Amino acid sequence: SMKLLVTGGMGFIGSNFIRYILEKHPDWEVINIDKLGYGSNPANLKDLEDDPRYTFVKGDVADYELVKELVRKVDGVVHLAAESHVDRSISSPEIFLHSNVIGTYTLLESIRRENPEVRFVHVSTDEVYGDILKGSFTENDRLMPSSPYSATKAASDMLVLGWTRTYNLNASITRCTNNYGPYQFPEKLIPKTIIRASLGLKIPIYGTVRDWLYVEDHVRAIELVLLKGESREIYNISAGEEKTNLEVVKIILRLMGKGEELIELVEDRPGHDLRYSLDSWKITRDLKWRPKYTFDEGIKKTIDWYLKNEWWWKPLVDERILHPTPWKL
């Protein structure tokens, strides 16, 4: 038995985490605090809404008065809440400083002021390290954020490290690569590709890597870090499946029992030239974490989910996404 406070639970990874957690732990309870902003989708958890072990609290993690009350009553806290739209972070960084930095600060304060013994897991990104042409970053390498989004995520990581040592908290930090799977919004590469291909639409590919991690595997890692991770430690999480968009697309089509005629290579486009790579040996060695699904198995499960849940993504797709020739406008 363990009561968990999951922030940003109405989002992509948060929802997957909550469903997984309640399914694997009959006696656990979850309180989901989500502000219902960018990326949130109540539909993600509508079938669990009334499960007695689940409670939804609409609010901002930056709301100390509200957050302290929730932190006071749980055994663990899994922090997924954040603003993560890069281009949006470049236009209006304020949004990111508030949710990513102030929000994490507020959670840390509520934890050390109300319940310093609570188990805290801070979820972060592989983007904090910046790009790398060859090799992979370990948790002992410096950070080099290239956007307000990653800079604010990086800033939040630093506060967690500091508060943990200052107030002797029981907190760990996780950093993962690109997630894919159920409940990911339609314009993301993999979902967009599956949707468009099922509709016989051309899949653009600008000018012929990134590590791809099946969301459930990320979820399993977080669970492991929650129950066995050591305080004051950062844990990189990666599947070691670095592929280019063309590679991803070719595999999706194959697994959809199709041909590659849908691939339309157009002229190249800006700022998609960087490689991100995480060395996840630490978590492998210490917590024995290993991916449970291969890229093929994860994509196959992702294909099946999107084809059977048109009810979910359909309301979310616009016109850019279903457009015959989107690479033109």
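Residue positions are given as counts along the sequence shown, with the first one as 1.
Coordinates are given for every deposited residue between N140 and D141; the gap count there is zero. Per-stretch averaging of Cα B factors for 278-286 and 53-61 places 53-61 on top. Two stretches are in play, 313-321 and 14-22, and the higher mean C-alpha B-factor belongs to 313-321.
Taking only the listed residues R112, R232, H122, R210, the entry reports the highest CA temperature factor at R210. Residue set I237, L159, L199, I173: peak C-alpha B-factor at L199 (per PDB entry). Among the modelled residues of its chain, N100 has a C-alpha B-factor that falls in the middle third according to the deposited record. The deposited CA B-factor of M2 belongs to the highest third of values across its chain.
Looking at the C-alpha B-factors along this chain, the one for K228 belongs to the middle third. In the PDB entry, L169 places in the lowest third of its chain by CA B-factor. For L255, the recorded CA B-factor ranks within the highest third of the chain. Only modelled residues enter the ranking.
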